């Protein structure tokens, strides 16, 4: 669920999703169009595409299971579809953590729709 995605961002990237990734660039926020503007924005774009490929369950609402083990987040449970959602959230949390060197809200927060042209939308 989205609450769990916020939780994974806090655990992995040591940052809040709502404070740092909810309106950054073209894609770190709900939906999106245009080009991923930088490495953090591309992490959100891939997360959108991953969610778009989940068939059978709901990435917003459904609750997945995970454990911390061997220094990593391990997605689990008995449901393949819910584990797919967890994998999308875990990959994006690690992607955020790994691209903190580049993060730049001064340049990219509330980047604006003109800057994210419908015609430049990179396909998944």
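Numbering follows the first chain given and starts at 1.
Practice prompt. Give the stretch, out of 63 to 71 and 31 to 39, with the larger mean C-alpha temperature factor in the deposited entry.
Written response: It is 63 to 71 that shows the higher mean C-alpha B-factor.
Discussion item. Please compare 3 to 11 with 113 to 121 and name the stretch with the higher mean C-alpha B-factor in the deposited structure.
Written reply: Per the PDB record, 113 to 121.
Discussion item. Quiz for you: based on the deposited Cα B-factor, which of 47, 83, 90, 53 is highest?
Written reply: Most elevated C-alpha B-factor of the set, per the entry: 53.
Item to complete: Relative to the other modelled residues of the same chain, rank the CA B-factor of residue 21 and answer lowest, middle or highest third.
Response: Middle third.
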